[PDB]
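Heads up: the structure comes next, in structure tokens.
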Amino acid sequence: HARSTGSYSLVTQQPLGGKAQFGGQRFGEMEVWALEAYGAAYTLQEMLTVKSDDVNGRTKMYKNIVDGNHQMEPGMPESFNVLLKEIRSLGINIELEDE
Amino acid sequence: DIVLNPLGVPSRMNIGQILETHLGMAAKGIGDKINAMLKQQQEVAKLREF
Amino acid sequence: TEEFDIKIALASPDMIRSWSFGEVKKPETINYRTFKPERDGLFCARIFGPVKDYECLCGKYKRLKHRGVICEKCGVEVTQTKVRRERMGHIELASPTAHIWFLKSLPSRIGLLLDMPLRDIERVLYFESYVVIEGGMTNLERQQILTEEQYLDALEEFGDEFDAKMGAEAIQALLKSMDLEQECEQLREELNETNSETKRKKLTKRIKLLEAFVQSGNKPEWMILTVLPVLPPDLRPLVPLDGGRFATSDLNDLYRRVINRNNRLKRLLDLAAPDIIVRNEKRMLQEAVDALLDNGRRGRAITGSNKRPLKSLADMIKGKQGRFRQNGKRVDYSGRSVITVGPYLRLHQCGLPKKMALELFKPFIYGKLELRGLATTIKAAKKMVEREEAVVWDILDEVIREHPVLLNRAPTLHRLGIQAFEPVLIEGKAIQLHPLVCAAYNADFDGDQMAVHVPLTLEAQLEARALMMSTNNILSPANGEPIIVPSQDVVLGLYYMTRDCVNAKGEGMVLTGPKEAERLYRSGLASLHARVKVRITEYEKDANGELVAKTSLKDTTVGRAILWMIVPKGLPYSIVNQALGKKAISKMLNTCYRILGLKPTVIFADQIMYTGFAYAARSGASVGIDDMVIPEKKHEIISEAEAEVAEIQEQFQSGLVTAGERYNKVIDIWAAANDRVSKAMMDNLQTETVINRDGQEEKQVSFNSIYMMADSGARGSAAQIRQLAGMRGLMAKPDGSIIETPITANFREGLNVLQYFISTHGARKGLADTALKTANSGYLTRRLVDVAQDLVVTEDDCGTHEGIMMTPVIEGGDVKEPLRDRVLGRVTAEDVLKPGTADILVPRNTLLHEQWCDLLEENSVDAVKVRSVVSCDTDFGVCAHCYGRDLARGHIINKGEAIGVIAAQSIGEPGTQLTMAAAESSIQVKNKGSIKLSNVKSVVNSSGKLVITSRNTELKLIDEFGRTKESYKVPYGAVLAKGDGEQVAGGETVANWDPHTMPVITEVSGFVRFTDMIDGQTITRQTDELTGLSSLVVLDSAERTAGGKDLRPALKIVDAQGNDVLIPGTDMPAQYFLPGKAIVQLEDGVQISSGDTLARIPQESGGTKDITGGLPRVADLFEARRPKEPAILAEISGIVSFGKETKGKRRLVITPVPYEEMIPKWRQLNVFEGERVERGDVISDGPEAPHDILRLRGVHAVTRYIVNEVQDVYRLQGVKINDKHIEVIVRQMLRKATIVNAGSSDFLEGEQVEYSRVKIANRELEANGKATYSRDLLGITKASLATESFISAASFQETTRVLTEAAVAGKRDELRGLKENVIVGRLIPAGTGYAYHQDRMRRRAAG
Amino acid sequence: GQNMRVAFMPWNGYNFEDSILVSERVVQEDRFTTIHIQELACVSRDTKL
Amino acid sequence: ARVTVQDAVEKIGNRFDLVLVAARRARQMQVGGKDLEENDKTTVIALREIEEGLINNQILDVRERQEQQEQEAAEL
DNA sequence: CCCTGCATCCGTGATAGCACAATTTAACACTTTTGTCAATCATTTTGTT
DNA sequence: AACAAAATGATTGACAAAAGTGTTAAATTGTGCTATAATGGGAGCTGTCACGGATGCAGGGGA
Ligand SMILES: [Mg+2]
Ligand SMILES: [Zn+2]
Ligand SMILES: [Zn+2]
């Protein structure tokens, strides 16, 4: 198998495959403790922000790559903003103190 | 036609594949014995007895 | 967007109206004819934005000049349609409804706040009975429950000045009217008024919630819903499947049911229904709202059009074994395929097909095809990568120049499951892989797939090259030993090359160097292993980094010479002059690393592989059927044991012997005959060949092709060569009881039907545990890495002198782990000295690397005190000095590393694979050392025997250097031979006890008088003559009879005069309690002397298969569980006594120079009436709980216990783990402390030592002293729920219970953590991202 | 399946682990070649446009 | 070409800042601020400078504050 | 008179008519918008006097 | 060697069929009504087991 970019899921915007380019591999919670055991914090910040989930940060990483400038502007993933709307849809209020 | 590894027989104890390999060469020894007698077209009496 | 640093709290009905952009007042979803979303419905368009990007619903405003103008027909605003994903509505409930989380979760917040039992609130929410509100001046207080009939008379009597409501609206008038300050100010008294432990225990439990509801700023009535908020329409979509059918979520069935029963409840109230109906609507509405939030705490409202239960809101957040966010992230730029061998590679590369290199690296190719100028635009380049023109292979070969990719296998156990490799394009469809690397992944090449990722950015390729490359990982982090060991086939090539025959071609000649031997063997003259004499010049680094050649005339073979041409410069020649099995090759690489670094050890671990692969093919080591040889006497060794089993059957059949000794006397003839048929086999392979020298004959070691594979350690053991040739052992029946008849047939001979069926349970049982030891071990290494998640080396030195004493653990007659294995790579807490003092050889705290570890063995040092991480002084982390050295590297630990996660994996990498005559009467020492006892109260009697007094007597075999080598113990009836300091030869019985006789030693001679041992009272009277025979079994208080329990048996032995003959050493007279399983043969009427038994104490102790341990022992030892039978301890040091008995349980008192402590009745105690003990000593016998060691004996007494009881399960199975990895988990198990005295805290709450140690560093540092605490120890499952973050405890444990309690108290998150930082998607605070977090914390508090 | 002349020996590490090493007269004779027959369907829906 | 960064870790003895010193320098080659190359990428050139002693965390700062004095000139 | 012990029970991991009455989508007309088009107005020497 | 001399898009409007803004038809939609006799009843599983925490009865013991 092989995948560079394809069809993304519906509610969470992470990859899956039905269009001849199936989903990406699975970066489990076991393969993330192997990147924290090292100091690989710049491989881990992109392996779960720009390569999978961040909606308006994974297209900039596609124009910076064709333009010969390898650098990322991460942002915040969408799988987390779908968690602030489900913990708010109970009575529970939850926010982000900005400072 | 194929080269296996011998270090898989001591650990996993499948000694069937080492006896099936000798009764393979044996069964194919009577192969090239009927394939030579029947190739010179010797006789159906020298073949019927083997 | 602005940077964020996260809160949580209840939500008011006037805040939920602020998130919402409109009210949802109809259950319709779409239109069914055209699929435009209907108005006011769930999927509305006026409320949750427009459906199409920048356009109204009708179609008037389609252009883009209108960017904000809301339409006038239908007030849709023309914006982007991702705004349909961040907006919310709200339903306006016609009557309140208790939020189920804050009512039915186990400690009910609605419950323990109002102070009403949960069975009595559930009776009021269902309209089953009223509850008085503001009783006023009547005979009714504030929270009475007037039943349905009692209320009738009440209103008949009083019409006003009395108010009792019913339902969900009554619980609001109780919460809304209660005053929180007049409740908390008053209960400050009641906590001090009541004199009771359970009374003032629950009282503070309600006085803390009331004090957490007034400090955070939440009203109490916010736990009762008044408006419900609805999710955005694009997180609960109704997407149309292909074919005409729609595929909705199942949140549209639970929202369309809250809007119906709420819309019908408005019709029923404006219609003036009878009250018997609008009670069935209120209780029916709030049952649909409590199936929305959390479905299952009620009748489990099953889905419609199907039969499985719906998925409520609290089931999406609730764990699937992972959080909803990142603890899962499927990932772009990746592939996967089958792996194969490819042994032509270096150590830092890997194959990668041209079909995956052209699809993983696609956007990198469109950058070159336009920079190089071949394609004009980026669409025109998308075709050239489709047709695969001759140039794209020129650009794909250039994009892959120095770009490392990250290979990673499926079940990543430890950190070496992800490594990087520099790709090299091959053709095919399988990812090749270097052979030395597969032993780290644990990969066979028989169908194993391996995903390959790609690091994109520029700071993510300098990490896959400096941190995660394949040549940087040569030492495993669990223990410092190497992990690139040449595995299985390159070790059978090294072995065959470096053996020696006795007469081969070219024997005895003399060569002139390794270039002359290889030129002689390849020429066909000399055999590969013939005994030659060569001249080799080896170097050695002795000065300040130099080498000095040293030519000699070595005596070797043509094999060891050809292999000397590979070894680097600075190595000796005696490193390759062995027979070079498998352990000698991983020791040849361990020395080559320490002496020459990493450059020659990576370029030497290859050349050892190209020489083992090449000279293993020249063997043709093929295993025939003449190889596995059956011994000549396998038949007589079995027939002899086949007739010798009949002589134990014939005796039993004639009834001479029972069934118990019939079995064990047959199992011991087979199991001892199985050994003679194996030991008669390895004496046939190992000395197989008998070669001829120039003259007579001679023997040697064999070249049997199936023995070399077992002797080199290449593949197999010696307990498996005995199943191909020897006998196939004894096979255990299903329950575990061993079969009496053993399978006596090998695999070179067949097995009949009846023996192959018996051998199946031993196989079917093995495959049913290897699938269970993984699912049970993948849950131990997930709780460990969530308690040790947030530990990080964050300082260079703290300055504490408190370490732990490191000595070699000595198990009885042998030492298990030397002192070099335990202290290697650890700072020294203080300076150690020689046997002569003031001779400080090791300086102040220095890393005990190789030189200081050999210098300790050069001298005879016995113990060192090293600094452990369990006692470091830093706040939120550990210093780099307290931790130590050991790593994949060898230097000290680098500041910023993440030592919490690499210590939870090295404990969880094993366990997946390892799930599981003896007389000993005479203490047999294998050595010749002086006997030196300590901590004993016992002296020699008349006959020459030190009277045993208690269980405090151990044996120390002091060596010739002032150390110890052996440790023993002393039981009752302990006979003795020597004294103290008198030398003993190896294996001389110094102190002994019979197996089936642990008799009552006589301390002093004299009369025996009957005190609680008359007939009937504690022991019956039995007959015999003066020979002294009987079966008088004096029963203990747990072997005691039914009625006679007010007596405790003992013999208050009087001297010849009849007075109290006191045992010298205390004040008590001689009263030797007849120990467990006692047989008092000496009735009252026999006067005896020293050494003569007062009661016979046998002991079976047979088989040894009556033990515990394994994987369940290591998870339970970490949870800190009470082991069902505590061994009580002496809290405060003093004197002993008894008290009033038969209170159901006895009692005890200890007097310091008033303390009381009661005891059970079955406990065979281990103290007399008067006794002087030390703080933290046993009083009874049993498995000491883990907490009791902590509260009494200290903290270093619990770390020396958790370590040795867990290392005792691994080293029993051959697993290596450095025990720094069991102290950085114990350090996270006792980080909570409870306060005793105060002046700054609340004097009874359980705070963290991180905080209880900053106050006292703050207050006591100022001019006031103004608290004292006591460490707690709670298991790794309850020690993770109680963190100070709530996203690090909600992502792992029960999530409903953690968001419920974190919300009421209004918590906050710095995050300040790894598992809480990876979720938000930013740089973790440990590793390469540690530099940025320090640079960001100092941007706060500055500017 | 087919039955082919097998020889047990370690050959330069191309059969290091369980992996196998196959000659090229086994690919010429075309004896392990299999046939596979897939089905692709192209439906013609009736949209609303 | 590179197989081990053991030389670079000698100069900068951390391995967590050598990844931060070389990513900052390797950007400069990538965006053509600067040209101190045997057909190598920009991340193996940044490691063959640190290996040789011509780059570290101080030589990058002082060469940047000498940029402002340059920018101050044209700043007029 | 008083605090204090054994056993359950619970959560949490691994069968229509109609006859109305009102509402909608669509089929056929408008005028501004933008094109294709030439008889004078403008800025372009073919080669006479 | 200047100005014969003749176009050739500019420059002017005219023409065109192209194109959004309103009035009725036909199919869609929602509300009411419909007197022989009807009456506490609808209703799935069951062979995991583990530990740990509140809750309530009971003995058991200090005043
Ligand atoms: Mg496998
Ligand atoms: Zn509109
Ligand atoms: Zn420290």
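Ligands are numbered from 1 in the order shown, residues from 1 within each chain, and chains are lettered A, B, ... in the order they appear in the structure tokens.
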Item to check | At most 7 Å to chain C: residues in chain A, only C-alpha atoms, as a ChimeraX atom specification | outcome: /A:1-5,11,14-15,24-31,33-34,36-43,45,47-49,51-52,65-68,70-72,76-77,79-80,85,89-99
Item to check | Shell of 10 Å around segment 33-42 of chain G, only C-alpha atoms (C1' of nucleotides), local chain residues under 6 positions omitted, as number ranges by chain | outcome: F: 16-18
Those same residues, written as a tab-separated table (two decimals), in the first residue's frame with N, CA and C atoms (P, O5', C5', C4', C3', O3' and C1' of nucleotides)?
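The result, stored in part39.tsv:
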```tsv
chain	number	residue	atom	x	y	z
F	16	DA	P	-57.39	1.51	5.48
F	16	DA	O5'	-58.68	1.99	4.67
F	16	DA	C5'	-59.56	2.95	5.24
F	16	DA	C4'	-60.54	3.45	4.20
F	16	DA	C3'	-59.89	4.12	3.00
F	16	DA	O3'	-60.80	4.09	1.90
F	16	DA	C1'	-60.77	5.74	4.55
F	17	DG	P	-60.94	5.33	0.90
F	17	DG	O5'	-61.77	6.40	1.73
F	17	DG	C5'	-63.06	6.06	2.22
F	17	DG	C4'	-64.04	7.18	1.94
F	17	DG	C3'	-63.66	8.09	0.79
F	17	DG	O3'	-64.82	8.64	0.20
F	17	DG	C1'	-63.40	9.24	2.87
F	18	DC	P	-64.71	9.44	-1.19
F	18	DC	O5'	-64.82	10.97	-0.75
F	18	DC	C5'	-65.76	11.36	0.25
F	18	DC	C4'	-65.50	12.78	0.67
F	18	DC	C3'	-64.65	13.58	-0.33
F	18	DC	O3'	-65.18	14.88	-0.49
F	18	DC	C1'	-63.70	13.69	1.81
```
Next on the checklist: So that I can check the secondary structure, give me every residue of chain A assigned strand (DSSP E) by backbone DSSP, as a list in words.
Outcome noted: residues 2, 3, 25, 26, 93, 94 and 95 of chain A
Checklist entry - Distance atom CA of residue 81 of chain C-atom CA of residue 18 of chain A, one decimal place? => result 24.1 Å
Next on the checklist: Distance limit 12 Å, atoms considered: only C-alpha atoms. Which chain C residues sit that close to chain D? Return them as a ChimeraX atom specification.
Outcome noted: /C:33-35,242-244,338-345,432-436,438-439,442-448,486-493,609-624,705,714-715
Go ahead and save the residues from that selection, with C-alpha atoms, as a PDB file, in the first residue's frame.
```pdb
ATOM      1  CA  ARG C  33     -38.910  15.602  -1.786  1.00  0.00           C
ATOM      2  CA  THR C  34     -36.107  18.093  -2.270  1.00  0.00           C
ATOM      3  CA  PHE C  35     -33.390  17.493   0.266  1.00  0.00           C
ATOM      4  CA  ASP C 242     -24.743   6.160  -2.528  1.00  0.00           C
ATOM      5  CA  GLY C 243     -27.875   4.485  -3.852  1.00  0.00           C
ATOM      6  CA  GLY C 244     -30.754   6.539  -2.442  1.00  0.00           C
ATOM      7  CA  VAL C 338       5.801  -7.635   3.445  1.00  0.00           C
ATOM      8  CA  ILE C 339       9.406  -7.801   4.596  1.00  0.00           C
ATOM      9  CA  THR C 340      12.197 -10.005   3.251  1.00  0.00           C
ATOM     10  CA  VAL C 341      15.853 -10.487   4.032  1.00  0.00           C
ATOM     11  CA  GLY C 342      18.215  -8.564   1.776  1.00  0.00           C
ATOM     12  CA  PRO C 343      21.552  -9.299   3.469  1.00  0.00           C
ATOM     13  CA  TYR C 344      23.608  -7.000   1.208  1.00  0.00           C
ATOM     14  CA  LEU C 345      22.698  -3.866   3.154  1.00  0.00           C
ATOM     15  CA  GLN C 432      13.874  -5.432   2.677  1.00  0.00           C
ATOM     16  CA  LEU C 433      15.437  -5.234   6.115  1.00  0.00           C
ATOM     17  CA  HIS C 434      18.911  -5.700   7.568  1.00  0.00           C
ATOM     18  CA  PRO C 435      19.381  -8.991   9.460  1.00  0.00           C
ATOM     19  CA  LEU C 436      20.948  -7.541  12.629  1.00  0.00           C
ATOM     20  CA  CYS C 438      15.150  -7.819  13.011  1.00  0.00           C
ATOM     21  CA  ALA C 439      16.061  -9.111  16.481  1.00  0.00           C
ATOM     22  CA  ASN C 442      11.268  -9.251  16.966  1.00  0.00           C
ATOM     23  CA  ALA C 443      10.404 -10.079  13.360  1.00  0.00           C
ATOM     24  CA  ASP C 444      10.553 -13.343  11.498  1.00  0.00           C
ATOM     25  CA  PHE C 445      10.367 -13.215   7.723  1.00  0.00           C
ATOM     26  CA  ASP C 446       7.322 -15.445   7.304  1.00  0.00           C
ATOM     27  CA  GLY C 447       4.561 -12.984   6.484  1.00  0.00           C
ATOM     28  CA  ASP C 448       5.247 -10.077   8.833  1.00  0.00           C
ATOM     29  CA  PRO C 486      24.349 -11.550  15.449  1.00  0.00           C
ATOM     30  CA  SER C 487      21.330 -13.710  15.820  1.00  0.00           C
ATOM     31  CA  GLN C 488      21.033 -17.239  14.532  1.00  0.00           C
ATOM     32  CA  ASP C 489      22.785 -18.149  11.293  1.00  0.00           C
ATOM     33  CA  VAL C 490      25.787 -15.822  11.263  1.00  0.00           C
ATOM     34  CA  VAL C 491      26.675 -17.402  14.605  1.00  0.00           C
ATOM     35  CA  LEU C 492      26.741 -20.901  13.118  1.00  0.00           C
ATOM     36  CA  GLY C 493      29.173 -19.606  10.526  1.00  0.00           C
ATOM     37  CA  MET C 609      27.904 -10.548   9.469  1.00  0.00           C
ATOM     38  CA  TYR C 610      29.447 -10.825   5.995  1.00  0.00           C
ATOM     39  CA  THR C 611      31.938 -13.335   7.374  1.00  0.00           C
ATOM     40  CA  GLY C 612      29.370 -15.403   9.230  1.00  0.00           C
ATOM     41  CA  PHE C 613      27.026 -15.566   6.260  1.00  0.00           C
ATOM     42  CA  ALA C 614      29.810 -16.437   3.822  1.00  0.00           C
ATOM     43  CA  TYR C 615      31.613 -19.122   5.816  1.00  0.00           C
ATOM     44  CA  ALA C 616      28.310 -20.678   6.865  1.00  0.00           C
ATOM     45  CA  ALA C 617      27.422 -21.476   3.260  1.00  0.00           C
ATOM     46  CA  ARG C 618      30.713 -23.355   2.876  1.00  0.00           C
ATOM     47  CA  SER C 619      29.494 -25.663   5.621  1.00  0.00           C
ATOM     48  CA  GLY C 620      26.365 -26.961   4.011  1.00  0.00           C
ATOM     49  CA  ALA C 621      25.257 -27.659   7.564  1.00  0.00           C
ATOM     50  CA  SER C 622      22.345 -29.833   6.495  1.00  0.00           C
ATOM     51  CA  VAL C 623      20.448 -31.893   9.051  1.00  0.00           C
ATOM     52  CA  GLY C 624      19.834 -35.430   7.813  1.00  0.00           C
ATOM     53  CA  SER C 705      25.271 -31.242  12.423  1.00  0.00           C
ATOM     54  CA  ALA C 714      22.534 -20.744  17.148  1.00  0.00           C
ATOM     55  CA  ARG C 715      19.150 -22.458  17.333  1.00  0.00           C
TER      56      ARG C 715
END
```
Next on the checklist: Can you tell me which residues surround segment 13-21 of chain G at a distance of at most 12 Å, considering only C-alpha atoms (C1' of nucleotides), apart from same-chain residues fewer than 4 positions away, and format the answer as a PyMOL selection string?
Outcome noted: (chain C and resi 60) or (chain F and resi 29-40)
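We find atom CA of residue 216 of chain C and atom CA of residue 113 of chain C to be spaced 15.4 Å apart.
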Item to check | Atomic separation - atom CA of residue 978 of chain C relative to atom CA of residue 1088 of chain C, Å | outcome: 24.2 Å
Next on the checklist: Please list as a VMD selection string every residue within 12 Å of residue 22 of chain E, counting only C-alpha atoms (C1' of nucleotides) and excluding residues in the same chain fewer than 3 positions away.
Outcome noted: (chain C and resid 458 to 463 465 to 466) or (chain E and resid 5 8 to 9 12 15 to 19 25 to 29 42 to 51 54 to 57 60)
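Contacts with ligand 2 are defined as any residue atom within 7 Å of a ligand atom, using only C-alpha atoms (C1' of nucleotides) and all ligand atoms; the residues meeting this criterion are residues 56, 57, 58, 59, 60, 71, 72, 73, 74, 75 and 76 of chain C.
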Same residues, N, CA, C and O atoms, output as a compact mmCIF listing (two decimals), in the first residue's frame:
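Final output, again-v9.txt:
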```txt
# COMPACT_ATOMS: atom_id res chain seq x y z
N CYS C 56 -27.25 31.57 -0.10
CA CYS C 56 -28.47 31.39 0.67
C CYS C 56 -29.11 30.05 0.32
O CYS C 56 -28.60 29.27 -0.48
N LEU C 57 -30.26 29.78 0.94
CA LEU C 57 -30.97 28.54 0.67
C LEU C 57 -31.86 28.62 -0.56
O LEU C 57 -31.85 27.70 -1.38
N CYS C 58 -32.62 29.70 -0.71
CA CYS C 58 -33.46 29.88 -1.89
C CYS C 58 -32.60 30.02 -3.14
O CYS C 58 -32.74 29.24 -4.09
N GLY C 59 -31.72 31.00 -3.16
CA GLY C 59 -30.82 31.18 -4.29
C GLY C 59 -30.70 32.62 -4.74
O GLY C 59 -30.04 32.90 -5.74
N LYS C 60 -31.32 33.54 -4.01
CA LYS C 60 -31.19 34.96 -4.31
C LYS C 60 -29.76 35.46 -4.22
O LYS C 60 -29.31 36.17 -5.13
N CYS C 71 -30.08 36.68 4.39
CA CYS C 71 -31.18 36.80 3.45
C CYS C 71 -32.42 37.33 4.16
O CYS C 71 -32.54 37.26 5.39
N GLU C 72 -33.34 37.89 3.38
CA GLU C 72 -34.56 38.43 3.97
C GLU C 72 -35.73 37.47 3.91
O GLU C 72 -36.59 37.50 4.79
N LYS C 73 -35.79 36.61 2.89
CA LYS C 73 -36.80 35.57 2.86
C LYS C 73 -36.63 34.61 4.03
O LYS C 73 -37.49 34.53 4.91
N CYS C 74 -35.50 33.90 4.05
CA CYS C 74 -35.14 33.01 5.14
C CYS C 74 -33.76 33.42 5.64
O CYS C 74 -32.79 33.36 4.88
N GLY C 75 -33.67 33.79 6.91
CA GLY C 75 -32.51 34.54 7.35
C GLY C 75 -31.21 33.78 7.44
O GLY C 75 -30.48 33.90 8.42
N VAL C 76 -30.88 33.01 6.41
CA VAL C 76 -29.56 32.43 6.28
C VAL C 76 -28.58 33.54 5.97
O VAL C 76 -28.90 34.48 5.24
```
Next on the checklist: Taking only C-alpha atoms (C1' of nucleotides) and all ligand atoms into account, which residues have an atom no farther than 8 Å from ligand 3? I'd like them as a PyMOL selection string.
Outcome noted: chain C and resi 795-800+869+871-874+878-883
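Remark: for chain F, the closest of the candidate residues C:935, C:776, C:177, C:712 is C:776 (distances computed over only C-alpha atoms (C1' of nucleotides)).
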Item to check | Shell around residue 713 of chain C at 7 Å using only C-alpha atoms (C1' of nucleotides), local window under 3 positions removed, as a list in words | outcome: residues 581, 582, 709, 710 and 716 of chain C
